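A.B. asks:
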Amino acid sequence: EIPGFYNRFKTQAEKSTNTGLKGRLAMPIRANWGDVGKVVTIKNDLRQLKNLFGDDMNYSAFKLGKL
Amino acid sequence: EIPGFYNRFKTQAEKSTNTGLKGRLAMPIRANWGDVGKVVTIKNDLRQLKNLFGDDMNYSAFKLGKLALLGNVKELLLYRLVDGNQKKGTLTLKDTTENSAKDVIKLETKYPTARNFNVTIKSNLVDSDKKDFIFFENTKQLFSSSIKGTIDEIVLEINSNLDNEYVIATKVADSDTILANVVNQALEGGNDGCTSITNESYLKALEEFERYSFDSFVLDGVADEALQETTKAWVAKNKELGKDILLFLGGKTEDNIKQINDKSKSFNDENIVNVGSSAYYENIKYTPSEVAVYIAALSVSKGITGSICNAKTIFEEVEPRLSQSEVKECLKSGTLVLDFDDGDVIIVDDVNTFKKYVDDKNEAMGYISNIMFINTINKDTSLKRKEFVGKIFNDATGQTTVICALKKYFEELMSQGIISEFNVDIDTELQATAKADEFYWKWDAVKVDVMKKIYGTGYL
Amino acid sequence: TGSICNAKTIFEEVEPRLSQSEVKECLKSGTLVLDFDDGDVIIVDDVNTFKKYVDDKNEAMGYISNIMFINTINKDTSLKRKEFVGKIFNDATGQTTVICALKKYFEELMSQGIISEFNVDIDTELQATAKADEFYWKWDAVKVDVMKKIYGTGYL
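Protein chains in written order, with the entry's author numbering: chain L, 13 to 79; chain S, 13 to 472; chain M, 317 to 472.
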């Protein structure tokens with residue numbers, strides 16, 4: 013680069029981390045909503061499940077995902 | 013010098029000083045009066061603003077300047093916006109000795125304008141050849157003078173006294189003849205400054221503003237959308253170029269709180285602050301951008317060692333007015349909105365438009381004070397560039413000197429209490445990969461917080 | 317013991333004025349152009365016209381300070397010519413004396429910190445092929461660099 017003193021700040025995840033989670037699980041699911049024909053990874057926030065596959069407890073998807 | 017005991021007294025500013033001001037602000041302005049095409053710095057005395065840009069509240073210049081000055085900015089930097097047709101007022105004078113009268117003096121306003129600056133010339137009652145030159149604005153007299161009937165001395169006197177600073181006199185011909193009498197003749201031919209002002213004028217003003225350094229920008233108290241995206245891109249460019257400029261914005265008065273929140277969602281760069289609430293100060297309303305001028309001014313005046321989350325405002329009323337649900341909606345949207353928590357108008361919080369997002373750019377980045385802190389650190393560091401770049405040899409000694417200087421700076425910050433904890437060290441991870449002509453370094457810190465929320469529990 | 321890549325200039329204005337793209341274009345072209353990085357006029361970099369080419373004449377040769385260093389070494393060495401040429405017998409003693417003098421000079425340079433590492437020795441490859449009335453010698457060095465670029469990363 014050109015000479016100079018160019019800062020690039022990286023307070024991304026300074027101390028916003030916790031180690032209370034582990035493992036990964038497979039899930040065939042019936043769902044009223046969400047993507048079809050693909051294996052999608054869901055982070056442990058249930059909001060992600062609610063967004064990507066709906067919030068209907070009548071279906072295996074949301075109920076088993078919450079469990 | 014020659015031998016002797018020569019005193020030179022320096023009771024200039026012995027104890028005539030106070031420390032109640034800080035910060036600097038940028039201002040594109042429309043004005044009826046004042047300099048054009050230059051970025052002029054204004055000290056916080058409003059008399060300076062009144063002198064250099066007039067006292068007309070119909071124009072963005074004086075009104076937004078007064079708001080910024082009440083924001084307690086140390087130095088307010090202005091720029092007069094105009095269309096190319098914008099022009100100075102002018103008047104011409106003629107002799108009377110000759111039957112074929114010839115123009116001999118022309119009067120032109122010192123600054124471009126369209127106001128009714130008027131002039132009167134009459135026969136002097138004491139001396140025969142003298143003419144009494146008097147100047148007005150809508151018959152409100154500015155200055156009076158009397159000079160004999162020679163054109164050179166007349167124009168020299170008219171240009172000499174700064175009481176006649178509103179107008180410049182120039183000689184049209186080298187006559188020694190008696191001038192013609194005029195009575196309250198306006199300096200016509202001028203054009204105002206609100207004439208056909210468009211986005212291109214603001215773009216040119218911003219390009220002029222690229223020269224300087226600022227703590228904040230507010231964009232003339234105008235909420236035009238295309239100007240807002242243009243200024244957003246401009247500030248992003250300035251940030252990438254190492255100029256850390258903060259931007260405040262205010263939505264249109266017609267926008268509902270939902271629309272304001274949508275706009276505050278659209279903006280997500282940390283250097284963008286969207287203002288929703290309108291207000292009254294002297295029983296006169298202010299659009300969200302006009303009060304965005306004031307909130308930016310107050311923020312920069314606060315500087316470090318402060319915030320705005322409950323700073324009292326000068327405004328006597330605020331609207332639209334929000335329940336706690338609406339306030340929470342606006343804060344979640346990143347909108348900043350004033351509030352009437354008490355009999356005065358009070359700023360609700362320190363939020364910016366970015367606050368809609370959370371984790372990578374941390375939640376403190378959602379607050380304006382943290383951004384001001386980071387910009388200040390970047391600015392002081394980019395001041396250190398010239399001290400250290402190209403002047404020390406990259407050896408262990410040079411690296412140690414740089415680290416020691418940065419440590420001294422951060423310890424100065426610690427002494428002020430702004431930082432609760434810090435460490436600064438060489439970035440040995442990147443220093444291993446660093447080329448021989450460069451240096452990498454790392455630092456952690458913990459800015460000292462402020463009470464926004466407080467809770468009490470009682471036992472009896 | 318210095319450079320020009322950010323030396324402040326006496327000039328109150330500079331033109332034509334360049335964005336980072338234009339600056340990078342000029343540096344890649346080997347052009348040297350002043351800049352207005354702050355309220356003063358500042359020299360952008362240490363580049364020379366050669367810098368367009370890269371590897372054989374190394375990238376440091378693209379910088380003027382390295383050329384000044386090399387010219388200074390050549391000048392001091394060509395000053396030593398008159399001390400050593402035609403005045404010492406090419407035996408092991410004369411070669412050792414020449415090498416010791418050059419080592420003393422380079423150690424003086426090391427004391428100033430200009431060089432981070434060096435070695436100077438007889439060029440035994442060419443000395444084997446050398447005619448009896450001549451001498452060959454070799455030296456490696458590492459000039460001490462200067463910060464042109466600096467990068468910082470922050471944690472809060």
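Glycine is no exception: its CB is placed at the ideal position from the N, C-alpha and C atoms.
Just verifying my parser: in three-state terms, what is the DSSP assignment at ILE383 of chain M?
C.D. replies: It is helical.
A.B. asks: Kindly say whether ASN322 of chain M, judged by its beta-carbon, lies nearer than 8 Å to any beta-carbon of chain L.
C.D. replies: Yes, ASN322 of chain M lies at the interface with chain L (some Cβ there is under 8 Å from its Cβ).
A.B. asks: Name the two residues that bound the continuous beta strand (DSSP E) containing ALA291 of chain S.
C.D. replies: Its beta strand (DSSP E) spans residues 290-292.
A.B. asks: Straight-line CA distance for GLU338 of chain M to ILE415 of chain S?
C.D. replies: The alpha-carbon atoms of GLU338 of chain M and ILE415 of chain S are separated by roughly 32 Å.
A.B. asks: Between the alpha carbons of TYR214 of chain S and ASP68 of chain S, how many angstroms are there, rounded?
C.D. replies: Their backbone Cα atoms lie some 21 Å apart in a straight line.
A.B. asks: From S:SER319, S:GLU329, S:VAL360 and S:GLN24, pick the residue whose C-alpha is nearest to that of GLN336 of chain S; which is it?
C.D. replies: Per the Cα distances, S:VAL360.
A.B. asks: In chain M, which residues lie less than 8 Å from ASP461 of chain S when you measure between Cβ atoms?
C.D. replies: Result: empty, since nearest Cβ-Cβ is about 11 Å, beyond 8 Å.
A.B. asks: Between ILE284 of chain S and chain L, is the shortest Cβ-Cβ distance under 8 Å, so that the two count as touching?
C.D. replies: No, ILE284 of chain S does not count as interfacial toward chain L.
A.B. asks: Please work out which residues of its chain come closer than 8 Å, Cβ to Cβ, to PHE229 of chain S, disregarding the five sequence neighbours upstream and downstream, and give them in chain order.
C.D. replies: Hits under 8 Å: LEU37, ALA38, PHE221, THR243, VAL247, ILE257, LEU258, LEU259, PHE260 and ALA308.
A.B. asks: Taking 8 Å as the threshold (beta carbon to beta carbon), is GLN60 of chain L in contact with chain S?
C.D. replies: No, its Cβ sits nowhere closer than 8 Å to a Cβ of chain S.
A.B. asks: Scan the stretch 349-361 of chain M for residues whose Cβ lies nearer than 8 Å to a Cβ of chain L and list them as they occur along the chain.
C.D. replies: Here the close residues are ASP353, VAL360 and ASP361.
A.B. asks: Please return the same chain residues whose Cβ sits closer than 7 Å to the Cβ of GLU331 of chain M, not counting the five positions on each side in sequence.
C.D. replies: Same-chain partners within the cutoff: there are none.
A.B. asks: Counting contacts by CB-CB distance shorter than 8 Å, is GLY16 of chain L in contact with chain M?
C.D. replies: Judged by the 8 Å Cβ criterion, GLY16 of chain L is in contact with chain M.
A.B. asks: For the stretch 394-422 of chain S, list the alpha helix (DSSP H) runs that are entirely contained and at least 4 residues long, ordered along the chain.
C.D. replies: Runs found: none.
A.B. asks: Applying a beta-carbon distance threshold of less than 8 Å, which residues of chain M neighbour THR23 of chain L?
C.D. replies: By Cβ distance, chain M contributes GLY470, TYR471 and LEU472.
A.B. asks: Quick check on the burial criterion: 16 or more other C-beta atoms within 10 angstroms. Buried or exposed for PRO300 of chain S?
C.D. replies: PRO300 of chain S comes out buried.
A.B. asks: Which runs of the beta strand (DSSP E) spanning at least 3 residues fall entirely within the stretch 283-344 of chain S, listed in chain order?
C.D. replies: Taking only runs of at least 3 residues, the beta strand (DSSP E) segments lying wholly in the stretch 283-344 of chain S are 284-287, 290-292 and 329-331.
A.B. asks: Where DSSP assigns a beta bridge to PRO40 of chain S, which residues make up the other side?
C.D. replies: Bridge partners of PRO40 of chain S: S:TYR91.
A.B. asks: Considering only DSSP beta bridges, list what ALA457 of chain M is partnered with.
C.D. replies: In DSSP, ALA457 of chain M forms a bridge with M:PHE434.
A.B. asks: So, helix, strand or coil for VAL167 of chain S, using DSSP?
C.D. replies: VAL167 of chain S: helix per DSSP, three-state reduction.
A.B. asks: Quick check: is the beta carbon of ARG397 of chain S nearer than 8 Å to any beta carbon in chain L?
C.D. replies: Yes - at least one Cβ of chain L is within 8 Å of the one on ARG397 of chain S.
A.B. asks: Where does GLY378 of chain S land, buried or exposed, given buried means 16+ other C-beta within 10 angstroms?
C.D. replies: By the neighbour-count rule (16 or more Cβ atoms within 10 Å), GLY378 of chain S is buried.
A.B. asks: Could you tell me whether the Cβ of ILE386 of chain S comes closer than 8 Å to any Cβ of chain L?
C.D. replies: Interface residue, yes.
A.B. asks: Report the partner residues of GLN197 of chain S according to the DSSP bridge assignment.
C.D. replies: For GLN197 of chain S, which the question treats as bridged, DSSP gives the partners S:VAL131.
A.B. asks: In three-state DSSP terms, what is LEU218 of chain S?
C.D. replies: In the structure shown, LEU218 of chain S sits in a helix (DSSP, three-state: H, G or I).
A.B. asks: With a threshold of 8 Å between beta-carbons, can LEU418 of chain M be considered close to chain L, or not?
C.D. replies: Not one chain L Cβ lies under 8 Å of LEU418 of chain M.
A.B. asks: Closer than 7 Å between beta carbons: that is the criterion. Which residues of the stretch 362-383 of chain S meet it against chain L?
C.D. replies: Residues passing the 7 Å Cβ filter: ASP371, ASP372 and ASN374.
A.B. asks: Less than 8 Å between C-beta atoms, sequence neighbours within five positions excluded: which residues of the same chain meet that for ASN176 of chain S?
C.D. replies: Contacts found: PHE147, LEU154, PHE155, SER157 and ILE170.
A.B. asks: Distance cutoff 8 Å, beta carbons only. Does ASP407 of chain S sit that close to anything in chain M?
C.D. replies: Yes, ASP407 of chain S counts as interfacial toward chain M.
A.B. asks: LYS143 of chain S: buried (16+ other C-beta within 10 angstroms of its C-beta) or exposed?
C.D. replies: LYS143 of chain S should be labelled buried.
A.B. asks: Just the Cα atoms here: how many angstroms apart are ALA446 of chain M and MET426 of chain M?
C.D. replies: About 30 Å.
A.B. asks: Let me check one thing: in DSSP terms, what residues is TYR467 of chain M bridge-paired to?
C.D. replies: Paired residue(s): L:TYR18 and S:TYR452.
A.B. asks: Alpha carbon to alpha carbon, how far is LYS100 of chain S from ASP372 of chain S? Give it in angstroms, no decimals.
C.D. replies: Approximately 53 Å between the Cα atoms of the pair.
A.B. asks: Name the DSSP beta bridge partners of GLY83 of chain S, please?
C.D. replies: DSSP output for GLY83 of chain S lists no bridge partner at all.
A.B. asks: Starting from the C-beta of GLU282 of chain S, find all residues in its chain whose C-beta is less than 7 Å away, skip the five residues before and the five after it, and write them out in chain order.
C.D. replies: Once the five neighbours on either side are set aside, the close Cβ partners of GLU282 of chain S are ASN364, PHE366, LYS373, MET377 and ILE383.
A.B. asks: By Cβ distance, which residues of its chain are closer than 8 Å to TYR71 of chain L, with the 5 residues on each side in sequence left out?
C.D. replies: If we look at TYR71 of chain L and ignore the five residues flanking it on each side, its Cβ neighbours are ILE41, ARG42, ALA43 and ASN44.
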